[PDB]
Amino acid sequence: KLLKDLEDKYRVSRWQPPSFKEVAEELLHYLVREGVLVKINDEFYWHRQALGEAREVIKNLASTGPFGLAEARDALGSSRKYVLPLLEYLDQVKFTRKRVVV
Amino acid sequence: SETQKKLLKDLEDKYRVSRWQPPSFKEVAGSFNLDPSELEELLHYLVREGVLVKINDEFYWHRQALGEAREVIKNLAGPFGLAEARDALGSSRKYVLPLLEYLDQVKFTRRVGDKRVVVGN
Amino acid sequence: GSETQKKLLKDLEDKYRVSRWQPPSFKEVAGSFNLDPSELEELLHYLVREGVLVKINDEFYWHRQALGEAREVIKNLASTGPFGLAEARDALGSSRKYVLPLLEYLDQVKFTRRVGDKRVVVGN
Amino acid sequence: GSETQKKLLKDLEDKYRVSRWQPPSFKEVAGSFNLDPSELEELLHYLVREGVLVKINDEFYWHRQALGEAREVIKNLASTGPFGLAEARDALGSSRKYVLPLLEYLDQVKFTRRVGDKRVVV
RNA sequence: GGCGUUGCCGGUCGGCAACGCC
RNA sequence: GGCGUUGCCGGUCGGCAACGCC
RNA sequence: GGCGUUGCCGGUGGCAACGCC
């Protein structure tokens, strides 16, 4: 039950997920290990599906050249707040590196 | 036909990013700039293929968005009201009312009383 | 008590004359001259009697001249209307730690009067 | 206004009273009060004439009270022998830039006398 | 995080920053 | 490197450090 | 006026809630 609600909370929120405090490790780590969630930073986690088409959006954007944080925010319709961590997470996992999709 | 097939994936991603607040027919007509029942030749083709799903006359939901909405609705259930469901997805009657009518028609959720119940099929 | 004790009175006075509007506290003075409280307390009281220092509060003594000058600055600031602690501080280029004790002292000798959170100069 | 000019004179004085032993230069005062040399020069002379300020050199004027106190500090410092410029700077807690002009001024009105690289209060 | 000391700020019993310690 | 402005230092016409320019 | 919390913004401070003083 608590694992289903945790999942929905992130799924419903999508590209603008709640922070650890807002939702407030035992459970989250489990979902991460189950492919349900993925850690972007110490702050908040993202639903993998949400992270999925969110990545698909970034990819379809960099098609027409580089792109800064501002541009990223527009396509995802989020805010520099949530878009900056996400984009940094992508530089990490090597999805990108303005920015370019490598 | 490059400037033709690129309009199909173009619309798909449009409904893809819109998720639970899908753009209406009338609305998408101007966003891409295309005739009335002419956009139909695009929407319906994607419809038959299954990429888009028609909930009502006004708008369609991308294949996935429906799946996920159905997942959140599956969690929400014993019984639930339209308000509880609207909060479950954090949406408005504008879209939720139509989606629930759809889910009734496809026998996903049945209206047992003034509330619906996700039929465990 | 000889003549080197007399130089001590001079070096003490100068400590206050130089420090001016940010006078050293009893503790700092004791430390600077390496004095026992009892010695310092009597030296200060002597300087007060001789009209060299004026006691603002148990912590701070002010050189009489420093005080007189601060009163002139405050008098001019008070010309345009009542004034708050912050303006007195800006006017003196000092800090709250040093200015509040001066203003409380001035209210006490009735040079100024605090009404609300402002003061007005009544004296000369 | 007249009372407006009167206030301006109180603010010039205050500027010198507050700054004491590190008085602002002519240039600095002009910029602060947004005055033209012509005006500042006459205002200062008024102040000197009024016994409020004392000209130390061409850049520096000192408040009369700040000068008297610096003299007192120098007197006690020289009580135990000739003193150098650096010793004067330490006793006053100032800097060479402000102290040397003061000492040259004091030699001038003969308060002190320089002999070699040291001074004595006459 | 907690405690303390100091400084500056805002009238005043707080806020900010050193530093000490747990 | 060169020139320059400023500040502190050393009696004074130089040392140190910002800063500006070349 | 001091300060703090939060949101948006511009890649790293600006505007604006709300709050304490």
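The sequence lines fix the lettering, A, B, ..., with proteins before strands; numbering per chain opens at 1.
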Legend entry - Listed partners of C:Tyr105 passing ring pair (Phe, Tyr, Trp, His ring centres under 6.0 Å), at least two apart: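 Partners of C:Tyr105 by the ring pair (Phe, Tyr, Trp, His ring centres under 6.0 Å) criterion come out as none, since no residue qualifies.
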
Legend entry - ring pair (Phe, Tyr, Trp, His ring centres under 6.0 Å) partners for D:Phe83, two or more places apart: none

Inset, instruction - Check whether any side-chain heavy atom of A:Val36 lies under 4.5 Å from a side-chain heavy atom of A:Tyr45, and answer yes or no. - result: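 When only atoms from C-beta onward are counted, A:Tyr45 and A:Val36 do not touch, as no gap falls below 4.5 Å.
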
With rounding to the closest Å, how many angstrom separate the [atom1] atoms on [N] and [M]?
N	M	atom1	answer
G:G10	E:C3	P	41 Å
G:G2	E:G15	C1'	8 Å
F:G10	F:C22	P	35 Å

Legend entry - Closest to side chain of D:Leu85, choosing from E:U12, G:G11, F:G11: F:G11

Legend entry - Selection from G:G11, F:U12, E:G11 that lies nearest to any side-chain heavy atom of C:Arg119: E:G11

Legend entry - Pair B:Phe59 + B:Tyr15: ring centers closer than 6.0 Å: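 No: the rings miss the under 6.0 Å criterion.
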
Atom-to-atom span, [atom1] of [X] to [atom2] of [N] - whole angstrom:
X	N	atom1	atom2	result
D:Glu104	F:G11	CD	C1'	10 Å
C:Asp90	E:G11	CG	P	10 Å
C:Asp117	E:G11	CG	P	7 Å

Inset, instruction - Ignoring hydrogens and angles, state whether a donor on the side chain of A:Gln49 or B:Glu68 is under 3.5 Å from an acceptor on the partner side chain. - result: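 Not at all, the side chains of A:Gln49 and B:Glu68 share no donor-acceptor pair under 3.5 Å.
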
Atom pairs under 3.5 Å, N or O on each side, protein against nucleotides 5-9 of chain E: can you list them with distances?
| from | atom 1 | to | atom 2 | distance (Å) |
| --- | --- | --- | --- | --- |
| E:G7 | OP1 | C:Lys97 | NZ | 2.8 |
| E:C8 | OP1 | C:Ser95 | OG | 2.7 |
| E:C9 | OP1 | C:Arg89 | NH1 | 2.7 |
| E:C9 | OP2 | C:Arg96 | N | 3.0 |

